[PDB]
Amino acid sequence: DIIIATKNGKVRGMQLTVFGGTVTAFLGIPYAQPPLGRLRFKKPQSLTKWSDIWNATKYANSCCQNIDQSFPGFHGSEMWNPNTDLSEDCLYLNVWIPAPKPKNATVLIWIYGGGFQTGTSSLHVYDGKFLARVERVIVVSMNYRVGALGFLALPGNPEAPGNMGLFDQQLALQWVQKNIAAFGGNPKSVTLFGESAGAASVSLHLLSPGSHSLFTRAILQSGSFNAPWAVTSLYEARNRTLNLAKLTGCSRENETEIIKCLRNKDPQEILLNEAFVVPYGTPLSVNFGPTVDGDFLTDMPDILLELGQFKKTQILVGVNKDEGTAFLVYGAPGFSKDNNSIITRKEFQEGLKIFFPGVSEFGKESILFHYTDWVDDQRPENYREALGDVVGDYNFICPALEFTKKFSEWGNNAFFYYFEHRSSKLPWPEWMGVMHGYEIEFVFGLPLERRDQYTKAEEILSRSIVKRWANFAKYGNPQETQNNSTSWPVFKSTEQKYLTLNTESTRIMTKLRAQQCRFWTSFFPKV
């Protein structure tokens, strides 16, 4: 029986056996007032003390969100769907601590991804108990509001200021600052890490003055705020808030009573209309996401990054080899997870219309021209592979690389990785390759469980990644120093060295996707 006393009251955890050892888990600790009733769409309010012992012995509700129902019964998609009840009462966090209790452990705080419309910290691939057992770090993860409930914005209006889910994350970071020492953690050694929208979130905490003193270092897996999906413009945010009001019967003239009207709708009526606040959506649509609110984000983040207005610290950034393929089977013509999706030139052109609907005819031709002048027109999977690279380069890889360059130009050590091992357990077909999101299970150490049908080379790869991530968090340097591993060089603006992560051979390479990213970052923002 382990009870910990926090600033807000006592919490009871539970003991878990992990790799012939023990981890202490506190699942579902509240860190904010439930954002219900008048508090819906508002910034999270701090919680006041309770007198009892809070039982943190099960994961809490996930925040309200739409669910991926495209492939019912299929593990590849359903593994990302929430695994606890949905509720507006969802502002909870989880803490895993090593046993015996550490004295001053480094803390890793996980921010789940998605595209800011979905996600939960209770997923099996985010289970922090393996990291706490293997590296003796403390792992924290939180639920934050998503979709309209998390990011509805009438900027300037405190009834719906925008960025509320980013403020949920920030309040959980404050909870760690104020409470983690009682669990044996060091509030001065806190590393944020996250994937996709969680990584874009981490990159925004690097820009936010209110988050500056809440963490030490950052890790960005397959995402950053400069990705084209990550930040909603002021005008676009307003049109979407008003479009949602029309679709729910809440169109008023005083915008403050628009919000009051939306505060009396049931969560499900808001959820069902979220998809339609935009005329043409894509599999990468982020209908309600971060905005420049003048509070969490004081200016357009591209400007802040360009001019060096961010927390000066070390960063670890990387991407997967086939970021773009996961999105193709959700709309692109001729694509299917159940065949090898050999598509034609004409289908490739139709896919560009799917993924770039608001782009001029000339813009789409420029993508076609750059990605289709190949070696031989013999290979039949040419167009299939080109469309995936198009989606992956534009949405993840080139923004990650440009974020790392601009960040490193102001003096800090940066480390960039290229993850290129396809999980032996990956439920999606082989043509989709090293998919978006499938490095996560290696980072959380799932292949260290021998009972779970991963290869031995995958156990070794995950063990090395876990050590590199933990050494980055503890010491700012993602090395595996004991088992003669390839040394990971800093990424610099000139050389742009990066480390490849695979089961075969660990290599140092330079200037990833150099030609493609010149197209996307220099030319394409003009179209």
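In this text, residue numbers run from 1 along the sequence as written.
Judged by mean Cα B factor in the deposited record, 344 to 352 ranks above the other of 344 to 352 and 416 to 424. When 281 to 289 is weighed against 369 to 377, 369 to 377 comes out higher, by mean CA B-factor as recorded in the entry. Of the candidates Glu441, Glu195, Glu257, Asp302, the PDB record gives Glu257 the highest C-alpha temperature factor. Based on the entry's C-alpha B-factors, the most elevated value among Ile29, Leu499, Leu39, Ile67 belongs to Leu39. For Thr510, the recorded CA B-factor ranks within the lowest third of the chain. Only modelled residues enter the ranking. The deposited CA B-factor of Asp452 belongs to the highest third of values across its chain. Per the deposited record, the Cα B-factor of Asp266 falls in the highest third when ranked against the other modelled residues of its chain. Placement of the Cα temperature factor of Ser201 within the chain: lowest third of the modelled residues, per the deposited record. Split the chain's modelled residues into thirds by C-alpha temperature factor. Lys49 is in the highest one.
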